[PDB]
Structure formats: structure tokens, C-alpha cells
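See structure below.
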Ligand SMILES: Nc1nc2c(ncn2[C@@H]2O[C@H](COP(=O)(O)OP(=O)(O)OP(=O)(O)O)[C@@H](O)[C@H]2O)c(=O)[nH]1
Ligand SMILES: Nc1nc2c(ncn2[C@@H]2O[C@H](COP(=O)(O)OP(=O)(O)O)[C@@H](O)[C@H]2O)c(=O)[nH]1
Ligand SMILES: Nc1nc2c(ncn2[C@@H]2O[C@H](COP(=O)(O)OP(=O)(O)O)[C@@H](O)[C@H]2O)c(=O)[nH]1
Ligand SMILES: [Mg+2]
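Quick look at the structure:
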């Protein structure tokens, strides 16, 4: 479990960097939405975020932040395969693995997700902007980290 | 939000200004090209202080470099951080000042500065809340001294109520490396006292003394000499740009350090003189620091505290340190320094705490003060300037250009006016 | 109803004090955490003498401790039963004395006792009516003899008419553990005779003798020694806390055994003793106490009482026993021992009976005594003190701290009046 | 019907207001977002159910509003309740009153009109400010003056940072301290003061924390502040009003400077290990150790005293415990008023906060008093201000700013009057 845990700690450092650059990420998301001129629907797809970064990215720092966020998502997707082969698990473990796959899925939505109690992303982002436009993209990382910690605790409590 | 413009003159600050703009770029996580690869957005809120934005997400310098000898411009342009300055910031002339105050002022300076003054409106009018200007120059070199003081004259008249900060290197007792130093300095300090808000004095000899007795660097090249001088003025400006638990702007230091108008020469210092081999031998503690801000060795001039008189002291602390331990120990040291600080201003000192440290260091302090013994730094020039005029030295390089002999006698009285005021109000 | 305060002085006082509140917290059923768990209801009825009520059924001692060595106070902090003591009830100084009387009293005394009286008055005004004070001080130690007198002096000047029941350790023949002990002991008696209500002369040598010859322990460390000393203190102070068939509160105890305003030294004794050979061969009855009451093997002070007489003897017997059995055992020996006692005070013993026995025990007996055998202990203490001034040795430290030589001579004016007053009635 | 408007000016006072308003959201149980009639006094119900406090944070520098804009409590506040000026006054009263202070006074009163119209009947205002710097001193003066002219007789309470006698981070504080106390003499009605040093000092010997921050200073200040206005917010056994202790704590309208004290001030394990009773929460109030103003209550005389209680308390002990106080001899009141108290009882105990360092207690109290002990403390403060004018130091900064040379002589007479007015009281 330590081999996946090293990548988990690296992803924790990367998520800390993204939380520090949350304001820059929000500014980049607003600039991409203004360039795409489609503010009616909220951001819901990782594929939509990638398409926003490919064409509707304005600044070099914004492009770097979008690339860092996409690289964090790709590293999470790559570490999901290594976490899958750790243990066989129970039916609840399989359900949580399917939930992790759905959370890493680009086609699955993100607006219905919300930040956890330790996270302060809701306490940082704007009221209407996170309520209706881009709350889920900010909140997806901490819920995924909490689910990974819960899965690690479940595997630790589960006998091999 | 708050913006202040930097003008550069002389080859001296051309060597600081590459190192000085290294540190602020280092503090803001900026690549040598000029783009951004950082961790937090906190610096980006007040990264606009000394830069402007550019299209395509780029940040351009607010630093204009002027010299009459184009050699140091291109070297700065081709230096380690040479591809960052925007290419109209450089202005270069033809005939250098030649360490002559006269040569760089009237017959050669006037042709350059009119094109330079057009660059001043291009940089000043871009800023919304322009607090003032800074200028790094030299008293030993001709272009930094003579042409710099002309800029001091022209900018203040057109922009009357701003803040003028000058970080000037001053002549030394035993590292006198130019023959005309009491001619160059006196023809500048005749206009420096008259027309400058903030003046900082840097002594070369103490910088050699700092890197020897406590740093023990093996080869103290000018990169090391520019390193601390940049770091001191980096810590001066971080309270204007970076938020701390107790903040102080640049005018905040300007109002309280200056009781009388003609006394605005400042003596600075930098605290962590930690060596390369004894980092783990030092308890990184503020009870180590206060005897390091007020030791017999950590000053940056040839002005001993027992030969001096501390009017005002600003101790800008940088890093994550507790409030109460610092505030009591600042109360501690003023008490035991009974005869070292002045008596007719009780509660002499300002503490200043900025939360964010410099990189690679937990806590950091800068000791900045005004002392009367800067006149003892000046009286070395004053005992050298008066006797040298009696034997009629070096007039042809000056009086052959066109100034009368009478205002040279005014300067030795005007420089005598300055040291008279320190001695009168000492008691 | 009646509240009491425990002063403490000296490093040696800490080990006496820490074992004391270790012994008496057990007998009420208190854990070091501070949660009472017991069945006896009479303990909580009279728990307000010593402790102070806290939230959630917790109680905190009224113990005041003064010292000049944090290292033993750190041990008291790290002690097992020391975790019930109150934080500001500790009064600990950073500067030491050096086992000399002057440093604790004059130089370091000018600052530490200001922190003491604030602790006292904080504890004083929270009480109903303060019965008095206890201080465990010393005569051989520099710090305990030093501040202990100034602890005595300013409280007496602050408190006019109360009780002051102290426990002080006296010099010995063979357990001499300080060279300037005769210097420290004699001038400490100068502040004792004028200004102290009760002091109990416990002698170390008998404490060693009883653990060797009488309790027969193979390795009796000091924790055994303080286990006797604490129980001697509690035998004095169990009648104030516990009802008995014949109760005698401390004030009338202070009235009865102090006949004169000065000659109020005491010589304790407390012998429910049982050797590790003899758990079952004893016949634990009231008559066996009486033979053990006046055997020399049981008393705390290294003196032979056959060279004198007992002035006043109090025999507090605590346990389940009948008054007709109690008095008659002493009634016979008052008639029989016509020589060993004083003749000017007939009926030389007045007793007291307590019902509740100590924990881990069935029946126990105390002793409080003033005697006319303490001349030669007081005589031998004086004779070197005179002899230490003939060669004038060791006095320049006391002299060099700003003091007079006459203060060493004025005690010899006062101590000789002490020993000559014992000579008057003998 | 009872409501208030809170004002925060000055990087001391506004930095208090962050943790000050931290308590009100926690005490009323309202999220930092602002979503879920005790809460109607301060917050404002948006039609969607959002609660916006009626508090305005105005400072001329953008370094601290942005901290509020980047704080945890971003979603709490209306977008226009935070108004930021261009340039801070920087230790200059007249610059913050004449030259800079006139720029955004129209903006603050525009926000004042809007918070006034929402209240059909108004109790009082709560400004928060400091005596040390420029903006919290200079601007708050004429802000107080124009609210005095605009609004007739509503309650005006002031919370001010008192300059500590020994420690004083400002250098031109005595020119700032005197010039503000001139303006507050005639149009300020209640002036609560806290001084830095005793706040630093008392949290050392009681909280026993080696390394605290100003956040510890605010929450120590906060429960003093909240206990004053808890009477408006909630019901209790015996409730007071803002106007009531205004009548109590200000017996003479010329003298309106009371001090503050708070109790129990003890740590967590101590409150575990010491029993919390009614007797012990009132004897510490008349101990001199917990007096959080650098003056001697033994020197001064308690003229008018206010006591507000919190937590679990019975009025039988309240009448009993005050009988102990009146019969003491170390605490000496005035001769002309043996009935110098105003005692209130509130059921609601203070609540610990996440990240706090204090304890959770059974009962609590704020000790307020008017006394002459600060007059002797102002004798030293007048001595500092006298020494600044013998040598005519520091005047030339203000001469071009807009004030007059004779205004220091009048203010010298004003502090002579204010010291004599206390000296007329003590006879
Ligand atoms: N109690 C308390 N006082 C503070 C705090 N921070 C600063 N001060 C005091 O504030 C004084 C300086 O004034 P400022 O806080 O700068 O207020 P100001 O008038 O707006 O001045 P500027 O902020 O520079 O415009 C100092 O003398 C400090 O004593 C704090 O966190 N708590
Ligand atoms: N400490 C220090 N002194 C310098 C530096 N550069 C120049 N100087 C001093 O400046 C003097 C020459 O000034 P210069 O740079 O040529 O100015 P200019 O002639 O006006 O262009 C010499 O005496 C040096 O002592 C530097 O990087 N560090
Ligand atoms: N009863 C008792 N006496 C002790 C103990 N330890 C030391 N003593 C006696 O105390 C004397 C030394 O006292 P000292 O420590 O110098 O007193 P201090 O200097 O005030 O701390 C020695 O003569 C011992 O006989 C103990 O644990 N119990
Ligand atoms: Mg401020």
C-alpha cells in the first residue's frame, strides 16, 4: 500500500498547491467561460474542462494552472488502477471503487458534489459562483481525497 | 494597487539592480524570462507594485536604466537576468561622466535626460496610485552622482508631493577607490539634502567587513556584495507589498524617521548573519536576534554605536515569530541601552512584523536607523574636502566646464551646515 | 466548619509533605486523578478540614509549599500523588540558598514570600473559620530553618490568636548530616520558643533505629521513614476530623499539653508497629499497648527518659475499644510509676479515644509528650554552639552577608534562658 | 426594535473586528455563508434568508480589507460594506483629517445613510479605532464629528486602542494621541479603552502561553466587547441598556473615559482544576493583577462602576458578594458616592471558538469602571508630549499638511484642562 501511498502524498502536495492557486484557477475558469461565451450551463465535465483549456485558454499562468489541474486528475486516474489491484475487497469496497471510477469519470457530472467539513473551498469561493457555475470543479478534489482516505482505512481494517 | 517607479543611474546600481531584481523575482516565483511558476496567489495580489502586466499573461519590469557609457547597459542586457527588461527601459549616451560631476551634468547630461524624462511620463502615467519614485545611485561614480542629482532636481519640481527614496552607496574611510570622492560626494550632497525624501547610506568597507568576520565566505565576489545590499532593501519594501500582522508603508517609515527636514540619511543592517557551517549550531530564536541588531559588528557603516547616537530605529521583522516575545524584548533592549538611544524621544523604536519570510529562512530582521555618527562618516569627507580645496586640486576638470568658484565655497559651507545641525541638536 | 492550612519548607519537607498527603488521601479514598470512589460516608462529612471542594466531586489540598530547589519540586510535580496539588499552591523559587540560614531569610526572602501570602489569602478567605496552620520545617537544613521562621513570623503578625502546630526535625548524635547544623539549629530555636504554638521534635536516628531494630526491614529507604512521620502527624489530627468515644480537638490539646508560654516542645510517638517476623504472634489488645506505650523502642527522639521525667503525656488511642479498658490500663501505671513522671502535676495522662481505625490496620496508638529528659539534648546542642564561637569558625558567610555577630550571641542569651527554665523545675 | 451600526477604522481596530465578528456568528449560530429575533440586532435578513451584519470596515489602505476579502468570512458581508481608500494616513492626524480624510468621508456616510434607513428606531453606534496610527486616529475624529452633527442624541460608544506607556510601536504617537483626545472631548459620549502592554502582560501570567499572536489579543478583547452588547442581544435575569451605563459610567459629560476589565481569565486545565463559583469570579475583579489598563487602581478611585454577569449565577450571591467588596479596605472608592455600582445578570455564558486558547467556564463577568488612575498615567503621557515641543521636533511634517502652529499650544491647554478636571474631581 506504500507504493500507492507515495503517489497519494504527492497528490496531496499537488492538491495543496491547487488549493493555494484556487483563486487563479477560478479566474482561469471565468476567463475560459467568457471566451467560450456559454455561461448558461455550469461546468460539469472533465472533458469540457479539457476542451476549455485547449482552445479558450487566455493567459500563460491560466494555461499552467489548467495543465496542473488536468495533470492532477490524470494522476488520480492513473493511481486508481494501482489502488484497484491492492485488495479484492467486499461489496462495499467494490461499490466505493465504482464511486471512485465515477468521480474520476469525465462524462460524469460534478455539480451535485460538495466540499467536506475540513475543506474550506465553500468558505473561499463566491456564493453564486460556486452555487451555480463552478463549485463542483473546485470541490471534486477534496471529496476524492476523503474517499481515498476512507478506502485506505477500510482496507486497513479489512483482514487480508 | 500601489505602484512606485525605479530609475537607475551609474554602473554601481546596475550591479545591485540585477541582483536586487533577482530577489523580488525570486520572492514572486518568476522565471528569468519573466513568466510565472509559483505556489500561491497571495503574491499575485500585490505583484503589480513593481511590475506591469503584458498581453499573453506576462509581467514587465518597472525599472529604467540610464548611463552615458553604454557598456554596463548591454552587460545588464546580456546578464544572467538580462532577457527580462523591456527594451525601451534602456537609455545609453555617448560620452561618459568619467568620474567627473561636471562632465555628466551640464554638457553631456542635458542631452540624455530629455529623452529620459519622456520615459518618466511613460512609466509614471501608467500607474494609478503612484506613491513616488526610487533611485539607486552612487557617490563615487560620476554618472550615478552627477546625472542622478539632476534627475532628483527635475522629478521633484514636476511631481511635488510624492515619496523619494534613494539607496546610495557612500565613500568609505579605507576603501577609497576614486581620487575625486570628496569632489563627487559634496557636489551631490549639496543637492541630496536639499531635494530628497528618503536617503539610505551604504558603506563599501562595512560590507567587506560583514562577509569576513561573520559570514566567513572564502571568495567574496561582487555577487556576494550585491546579495546582502539587495536583501536589505528587499526587506524594506516587503512591508509595502506583502501583508503582515503589523504593517508600515514607505511613507510610514518616512514620517517617523525624520524629525528635522535636513536629517534624512539612514543607516541599515540585516539580521541573520548565519554561517554556512554553523546553521545547526544556532538556536533560531529572537532572543538571539536583538543582540545581533545592536552588536558592535552588525552595522553597515563605519559608525560605532559608542561613537554614535541613535535617534530613531526601525526593526522590520520578517517570518513567523510570536508577538509578545518580540515586543517585550524590544522593550528590553531600549532599557539596557540607556545611553545608546536618545533621551528626548521616549519610545524611540518601531517594530514591524511581516508574516511571509524570505525564501529559505524561518525568521528575518532588518535593523534600520538614523545616527549622528553619519556625520562622523561625513567628517572624514569634511576634513578631507576642506584641506584639499586649500591646495587648489583638480579645478580644471570642473572649473574648465563653466561653473563659478563661489558655489564650491557654498558646498563646503552647506556640508558644514549639515554637520553643524547634528552637533547642535546632539545636546 | 474548621479549616486548616499546611505550610511546607525545605527539600526535606517535600518528602515529608508528599508522603503525608499520600497517606491521608488513601484514608479517605481518593485517587491521584481526583475521583472519589469509596464506601465510608463519614470521611466526606469532615473532608472540609484539609481539602477544598472542586467541580465534579473533586477536592484539592490546602497545602502550601515553599522551597529554593525546583529539582525536588519537579519531582513533587512528577510525583504520583502530587497531581492532586493545586498549581499556584506550589511556591517554588529559581534561586537557591546554599544550606545557610541567611540566604533564605534576608536576600531571597525579600521576594518569594510576597508570592506566598497571596496564595495564603487566596486560600484564607475561601474558608469558613481557619483553625490554624501546620509547617514542616527543620533545624539542620539551611532553607527549612531559614524561611520557616519568617513563615512563622509574618503569619503570627498577620494572625493574632490561632493555632500554629509544626513538625520540626532535630539534630542527632550519629546522623549528623551538616557541619553548620549546630549553627542552623540553635538560632532557629530562637524564633521557635517565642513565637510557635506547637512543634514536634522528631529525631531521625530513632526513625532509623525503629526501622532496623523494631520494624526489621531489609532495605528501608526514606519512603518507609516518611511513612512513620506522616502517621504521627495524622494521629495528632484525627480527633479534629473523626468522631470518637473521647474526642479532643487541637485547641484543647494545645491548651492541655502547653502549660507554659515557652516550654512547648513536643516529643512524639506512634507505635502500631509490627515486624515482618511477627505478623501473628502479637496479641493486639489495649494492655499490650500500655507496655508498648512507655517502652523506649517506640518513641521518636533519641533520648533515654530514665534520666528525667515526663511532664505531660497524651495517649490518643484510635480504634474499637472500651473506655473502662482504656483508662484502667493507664490508671494502674500512674500509681505504679511514681518515679518516672513529674510529681507537681498528678494524673499525668489525659487521654482521647477515636473510633475509626486507619486504613490497612485494625487498632493503633499515638503519643504526645513534653518531658524533663530534653535538657541534655538541648544541653549538647548549646555546648558546641558556644564552642563554635570560641574559634569563631564558619561565621564569615553569615557575617559577610551584612549581618551582626551579636545575633549569634543574642540566641545564646535566649537559648540559655530556655535551658535554665528546664533547670528550674528539675 | 433594538439594533446597532458597527464601524471599524484603523488596522488595529479593523483587525480586532475579524475575531470580534467571529464570535457573533458563532454565538448566534449563523454560518459564515450567512445561512442557517436575537439576531436582528446586528445581522440583516436578505429575502433569500441570508444574514449580512450591519458592520462597515473602512480603511484608507488596501492591505487589510483584502485580508477580509481573502478571509474565512468572505461570504458573510455585503459587497459595499467594505470601502477602501487610496492611501493610508501613515501616522499623520492632519493628513488623515484634512488632505486624505476628506476624500472618502462622503463614501462612508453614504453607507451610513443606508444602514440608518434600515433602522426605524436606533439605539447606538459602535466605532472601533486606535490612538496610534494615522487612519484609525485622524479619520475617526471627523467621522465622529460629522455623525455628531448629522445625528442628534443617539448612543455613541467608542472602543479605542490606548497607547501603552512603555511600549509604543509608533514614534509620532503623542502628536496623534493628543490631537484625537481633543476632538473626542466635546462630541464623544462613551470611550472604552484597551492598552497593549497589559493585554500582553496579563495573558502571560494567567494564560501561560509562551508564543501568542494578535489573534489571542483580539479574542481577549472580544469577550470584553461582546459582554458589553450582550445585554441588547439576549434576555436574562437583569438586563441593562446602552443608554443606561452611559448614564452610569459617565457621571460628568466632560469626563467620558472608563477602563475595562474581564474575568475569569484562566486557562483550560486551571478551570478543570479550580472550582468555578460566584465568589471567585468577583474577587478577581477587585484584585489588581487582572487590571488590563496600565494604571494603578490603588492610586485611582472608582467613581462609577459597571458590572455585567454571564453564565450560571444566582442573585442571592450577587447581593452577598458585593457586601464583601464594599467592606474591603484596599479598594477605595470616592467619598461622594457610596452607591457607585450598576450590576447586571445575563444567563448566556461565553463560548469558546475553534482555534481558541481560552477555557470554557461556568460563569463570567466584565468589570467596568471610571477612575482617576489614568490621570497619573497621563502625567507620564503629558511628559512625553511636553518633551516633543521643547526642541520643536517633528512639526515641519504637519506644517505643509494643513494645521497651525498655535494648535499645539491650544491642545497643550486642553490636556492641562483635562488633567485639572480630574484634579478637580479628586478633591
Ligand atoms: N490591541 C491591538 N493593537 C494593535 C494591533 N495592531 C496594531 N495595534 C496598535 O495600532 C497602532 C498603530 O496604528 P494602526 O493599527 O496602524 O492604525 P491606523 O491609524 O489606521 O494606521 P495605519 O493602519 O498605518 O493607516 C500601534 O501603536 C499598535 O499599538 C492589534 O492587533 N491589537
Ligand atoms: N559595494 C559596491 N560598490 C560598487 C559597486 N559598483 C560600483 N561601486 C562603487 O562605485 C564606484 C564607481 O562607481 P560607478 O559604478 O562606476 O558609477 P558611475 O561611474 O557613475 O557609472 C567605485 O568606487 C565602487 O566602490 C558594487 O557592485 N558594489
Ligand atoms: N523525616 C525526614 N527527614 C529528612 C528526609 N530527608 C532528609 N531529612 C533530614 O533533613 C536534613 C537535611 O535538611 P535539608 O534538605 O538540608 O533542608 P533544606 O535545605 O531546607 O531543604 C537531614 O539532616 C535529614 O536528617 C526525609 O525524607 N524525611
Ligand atoms: Mg491601522
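Chains as they are written, first to last, in the deposited numbering: chain M, 1 to 160; chain JF, 1 to 427; chain IH, 1 to 426; chain JG, 1 to 36, 47 to 437. Positions of the beta carbon are idealized from the N, C-alpha and C atoms, including for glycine.
- Going by DSSP, residue 18/M is part of no beta strand (DSSP E) but of the alpha helix (DSSP H) stretching over 2-20.
- For residue 345/IH, the number of other beta carbons within 10 angstroms of its own is below 16, and it is reported as exposed.
- One thing to note: residue 208/JG has its Cβ no nearer than 8 Å to the Cβ of residue 313/JG.
- Of all alpha-carbon atoms in 325/JF, 228/JF and 89/JF, the one lying nearest the alpha-carbon of residue 367/JF is that of 228/JF.
- For residue 51/JF, there are no C-beta contacts with chain M under 7 Å, since the nearest C-beta of that chain is about 13 Å from it.
- Cβ contact annotation for residue 216/IH (same chain, cutoff 8 Å, sequence separation greater than five): 275, 276 and 277, in chain order.
- At a threshold of 7 Å, residue 332/JF does not count as near ligand 3, since its beta carbon sits no closer than that to any of the ligand's heavy atoms.
- The Cβ of residue 37/JF sits closer than 8 Å to at least one Cβ of chain M.
- Between the region 250-259 of chain JG and the region 286-303 of chain JG, the count of Cβ pairs shorter than 8 Å is below three; the stretches do not touch.
- The C-beta separation of residue 173/IH from residue 302/IH comes to about 6 Å, placing the pair in contact by the 8 Å criterion.
- Using a CB distance cut-off of 8 Å, residue 355/JF does not count as an interface residue toward chain M.
- Distances from the CB of residue 16/JF to the heavy atoms of ligand 2 include at least one below 7 Å.
- Residue 214/IH: not part of any alpha helix (DSSP H); DSSP gives it neither H nor E.
- Contact with chain JF is found for residue 20/M, since one of that chain's Cβ atoms lies less than 8 Å from the residue's Cβ.
- Look at residue 66/JF here: in three-state DSSP terms it is strand.
- For residue 79/JG, no chain M residue has a Cβ inside 8 Å of its Cβ, as the nearest lies near 11 Å away.
- Closer than 8 Å to the CB of residue 233/JF there is not a single CB belonging to chain JG.
- Contact between the region 346-366 of chain JF and the region 232-242 of chain JF is established, with three or more Cβ pairs separated by less than 8 Å.
- By the beta-carbon neighbour count (other beta carbons within 10 angstroms, threshold 16), residue 140/JG is buried.
- Within 10 angstroms of the beta-carbon of residue 97/JF lie 16 or more other beta-carbons, which makes it buried.
- Using beta-carbon distances, residue 25/JF does not count as an interface residue toward chain M, since no partner is under 8 Å.
- Cα atoms of residue 24/JG and residue 317/JG: separation of roughly 21 Å, rounded to the nearest angstrom.
- Pairing residue 268/JG with residue 379/JG gives a Cβ-Cβ distance under 8 Å.
- Taking all protein chains shown into account, residue 107/IH has fewer than 16 neighbouring C-beta atoms within 10 Å of its C-beta and is therefore exposed.
- DSSP places residue 312/JG in the uninterrupted beta strand (DSSP E) bounded by 312-321.
- When Cβ pairs closer than 8 Å are counted between the two stretches, the region 406-413 of chain JG is seen not to touch the region 359-374 of chain JG, the count staying below three.
- Shortest Cα-Cα distance from residue 127/IH to any of 339/IH, 373/IH, 53/IH and 42/IH involves 53/IH.
- Close to residue 64/M, with beta-carbon spacing below 8 Å, are these residues of chain JF in chain order: 36 and 37.
- For residue 54/JG, the secondary structure class from DSSP, reduced to helix, strand or coil, is strand.
- Ligand 1 has a heavy atom closer than 7 Å to the beta-carbon of residue 183/JG.
- Residue contact check for residue 322/JF against chain JG: a CB pair falls below 8 Å.
- Boundaries of the beta strand (DSSP E) harbouring residue 354/JF: 349-354, taken from the DSSP string.
- Contact residues of the region 264-285 of chain JG toward chain IH are 279, 280, 281, 282, 283, 284 and 285 (C-beta to C-beta distance below 9 Å).
- Under DSSP, the beta-bridge partners assigned to residue 200/IH are 167/IH and 266/IH.
- Membership of residue 365/IH in the beta strand (DSSP E) is indicated by the continuous run 364-371.
- In the three-state reduction of the DSSP assignment, residue 361/JF falls in the coil class.
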